[PDB]
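Q: Fold the following and give me the result.
(one chain, ligands or ions: 2)
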Amino acid sequence: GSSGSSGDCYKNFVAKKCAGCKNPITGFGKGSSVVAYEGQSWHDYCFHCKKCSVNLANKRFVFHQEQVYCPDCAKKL
Ligand SMILES: [Zn+2]
Ligand SMILES: [Zn+2]
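A: Residues are numbered from 1 along each chain as shown. Ligands and ions are numbered 1, 2, ... in the order given. See below for the structure:
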């Protein structure tokens, strides 16, 4: 861990892994389309409702049960 420093755990810099596909958010160039909230991040294609499957990329949503739900679906919750 931090103090124990056991095993072979050595890193220099880790990127914010998506909270939907569980993958590294790479992309070195000119332009980027990814959402961020509370530190976490979500690809433009990953950021979507977990009920109707609507693209909420850079749009309004509602965090609930460690998930995301558009203002509409949120009303059902
Ligand atoms: Zn993703
Ligand atoms: Zn929805």
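
Q: who's in contact with residue 16?
A: Residue 16 is in contact with 25, 36, 39-41, counting by Cβ atoms under 8 Å, 6 or more residues apart in numbering. C-beta coordinates here come from the backbone N, C-alpha and C atoms, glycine included.

Q: 7 Å instead, please
A: Going by Cβ atoms under 7 Å, 6 or more residues apart in numbering, residue 16 touches 25, 41.

Q: what's the span of stretch 57-73 from first residue to last?
A: With Cα to Cα, to the nearest Å as the measure, stretch 57-73 spans 16 Å from end to end.

Q: who's in contact with it?
A: For stretch 57-73, contacts defined as Cβ under 7 Å, 6+ apart pick out 35, 44, 47, 49-52, 54, 56, 74, 77.

Q: Just the closest of those to ligand 1, please.
A: Closest to ligand 1 out of those is residue 47 (8.1 Å), distances taken as Cβ to the ion.
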